[PDB]
């Protein structure tokens, strides 16, 4: 039996969205205290397309099924020149995550297939578990939906190696999620940018590792133009600095 204190709403974080002329939600979860915090409980439970944050469960499935042998396997560029320059090269799992190389993961989903992708997302309890649409694009313009609170629930299982895949797969994905590390904290996260279906939003989901605690975070915000993509991390870090989680 699970016991859960409700999400505590801290509307003071809205000032961080307001200062940057933005609208969105930040959700934090204190792992030690088992307490959750958000600036907008309604938007915290609102489900959106995961977009590139789906690279986290997609990596886990591709690794557990042998589609990706390890983080060193090179996926050669198919020769198609695309709009984002860093996509037009060879990649491994580490660089495909860092630069958010969609075509690499579309090939992953095709090899996984509809049957295994559906069964794996159900085992993950991931969002609405709906892969309706193209097998290689559902997370970009299909039926899958996930909320910021559901993202944190999925990430907590990943951190504790509790997802129903091999521990090795989860360790490799958590290594590929490495974003920032210094003497004060470690950040393992994944960005996201949904544009094929309104509303256009940006994601940032992950956790902050401290010496004594882990703070899980999941944010999304309105993103009418790609000019404010950096606000996904800037606003999240402003909330973390206000809560004295990072210096």
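Residue numbers count along the first chain shown, from 1.
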Original post:
Would 171-179 or 118-126 have the larger average of its C-alpha temperature factors, as given in the entry?
Top reply: 118-126
Subject >> Residue stretch of maximal mean CA temperature factor, 128-136 vs 76-84 >> reply: 76-84
**OP:** Choose from 164, 157, 98, 145 the residue with the greatest Cα B-factor as stated in the PDB record.
**Re:** 164
**OP:** Using the B-factor values recorded in the entry, state whether the Cα atom of residue 222 falls in the lowest, middle or highest third among the modelled residues of its chain.
**Re:** middle
**OP:** For residue 70, return the chain-relative third of its C-alpha B-factor as stated in the PDB record: lowest, middle or highest.
**Re:** middle
Original post:
Thinking about Cα B factors across the chain, which third does residue 209 belong to?
Top reply: lowest
Original post:
Considering only modelled residues of the same chain, in which third does the CA B-factor of residue 55 rank: lowest, middle or highest?
Top reply: lowest
**OP:** Among all modelled residues of this chain, ranked by Cα B factor, put residue 62 in the bottom, middle or top third, i.e. lowest, middle or highest.
**Re:** middle
